[PDB]
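One structure is given here, and the rest of the page talks about it.
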Amino acid sequence: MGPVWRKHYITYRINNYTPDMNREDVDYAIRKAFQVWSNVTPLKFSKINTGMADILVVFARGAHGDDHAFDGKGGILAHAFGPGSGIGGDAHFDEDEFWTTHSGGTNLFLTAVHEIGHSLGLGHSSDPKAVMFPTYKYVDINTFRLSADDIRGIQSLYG
Ligand SMILES: NC(=O)[C@H](CCC(=O)O)NC(=O)[C@H](CCC(=O)O)NC(=O)[C@@H](CC(=O)NO)Cc1cc(-c2ccc(-c3cccc(Cl)c3)cc2)no1
Ligand SMILES: [Ca+2]
Ligand SMILES: [Ca+2]
Ligand SMILES: [Ca+2]
Ligand SMILES: [Zn+2]
Ligand SMILES: [Zn+2]
C-alpha cells in the first residue's frame, strides 16, 4: 500500500560508478537486479544514458543532498525512495562500503535487488528469507531467488 509507478515501462540511469568495481560489473549487477523484479511483474526496465530516467542509481558518501545521510563504512549500506517524480524511485549506495561481485565486501547485486524493491514501492518484510528483510545477508548469487513473500508483495503492487 505504498506508492506505485503508474506505468509499466520504467527507465533507469546509472549516475556514477563506484571505483570498487569495474564499470561493466556495475552495469551487469544493476541489470540483473532489475531483471529479478521484471521476471515476476508486468514491469520492463530500460537503461538510458541521456534523458530523464525514473530511477537514478547513485553512489555517494555521507551527507549527499537528501534527508538520509550515510554513516561511513558499515551500518547502512544503501537506501532508496519509493515511486514518484524527481528523487522518487532513486537508489543510493554508500560509497564507504566496498562493493563487489562476490561474497567479499558488500555484494552490489543483492543490495540492488533490495533497493530496487523500495524503488518499486515495497517496504520491509518481517520474513527472514525475503530480500526485503532489513538486514543484508550474502547468498549464492547464481542460485539466488526471490522469496514467496517478495513475489507476493510485488505482485500485489503490479499486475
Ligand atoms: N547489520 C548487518 O548485517 C549489515 C552490516 C553491514 C556492514 O557492516 O558491512 N548491515 C545491514 O544489514 C544494514 C543495517 C541498517 C540498519 O538498520 O541499521 N541494512 C541496510 O543497510 C539496508 C538498509 C535498507 O533497508 N535500505 O533500504 C540495505 C540492504 C539490505 C539488503 C539485503 C540483501 C539481501 C537480503 C536477503 C536476505 C535473505 C535472503 C536473501 Cl536471498 C536475501 C536482505 C537484505 N541489501 O541492502
Ligand atoms: Ca527519480
Ligand atoms: Ca554505511
Ligand atoms: Ca567504496
Ligand atoms: Zn540518499
Ligand atoms: Zn530497505
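Numbering starts at 1 and runs along the chain as displayed.
For this deposited structure, the header notes the method as X-ray crystallography, 1.2 Å.
The backbone N, Cα and C atoms fix where each Cβ goes, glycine too.
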Query = If Swiss-Prot says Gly86, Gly88, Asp90 bind Ca(2+) 2, which of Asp54, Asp67, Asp71 does it name for the same site?
reply = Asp54
Message = Just to be sure I understand the contacts, which binding-site residues have a Cβ under 6 angstroms from any atom of ligand 1? Candidates are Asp20, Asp71, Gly74, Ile76, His79, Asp94.
response = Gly74, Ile76, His79
Query = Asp20 (Ca(2+) 1 binding site) to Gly74 (Ca(2+) 3 binding site): how many Å between their Cα atoms?
reply = 15
Request  = Of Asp71, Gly88, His92, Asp94, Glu95, the binding-site residues listed, which put a C-beta under 6 Å from ligand 3? Please answer none if none do.
outcome  = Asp71, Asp94
Query = Of the recorded positions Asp66, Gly86, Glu95, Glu115, which sits closest to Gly72 (Ca(2+) 3 binding site) by Cα distance?
reply = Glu95
